[PDB]
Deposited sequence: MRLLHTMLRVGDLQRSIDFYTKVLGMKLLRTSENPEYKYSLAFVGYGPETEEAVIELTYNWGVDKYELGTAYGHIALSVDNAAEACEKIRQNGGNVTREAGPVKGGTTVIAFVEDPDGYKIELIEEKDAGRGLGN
């Protein structure tokens, strides 16, 4: 078995696609609309769903805000250049909650950011 995706509800679909793709460098894998239940979906990721875990963004028509709660943590993504991503994230709207730098008691560069809906994103600068 395997981990397929993580589903998150967003306040604005396109704004979300835009961020994950244009900012985080992900690609729009697929999108769907459900007239019956009044919601739209978009799957964004770094590779094909068949090979890896991706993100499923859900947008319920007319719903622009949710309650984040205190249980959900975040999603951690591997990053090419944490420093740079922070910059991109910064100048592209999003917030940088933890500037790129080595992790406490370590060397690995990591940062923490927030997507357009306030979701927390951990960026980690990391067989064959």
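Taken in order along the deposited sequence, the one stretch absent from the coordinates is 127-133.
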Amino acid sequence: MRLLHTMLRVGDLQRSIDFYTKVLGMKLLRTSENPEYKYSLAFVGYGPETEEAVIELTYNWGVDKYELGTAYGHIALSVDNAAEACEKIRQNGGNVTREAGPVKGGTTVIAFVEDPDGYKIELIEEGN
From here on, numbers count along this sequence of modelled residues.
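Between two forms, the rigid core is the largest collection of C-alphas that superpose within 1.5 Å.
Comparing 59-67 with 88-96 by root mean square Cα distance to the shown form in 4 other deposited structures of this protein, with the rigid core used for the fit, gives 88-96 as the more displaced stretch. Mean C-alpha B-factor is higher over 101-109 than over the other stretch, the pair under comparison being 11-19 and 101-109. Taking only CA atoms, the mean B-factor in the PDB entry is higher for 86-94 than for the other of 66-74 and 86-94. By the numbers in the PDB entry, the CA B factor is greatest at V79 among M26, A53, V79, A42.
Ranked within its chain, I124 lands in the lowest third, by CA B factor from the PDB record.
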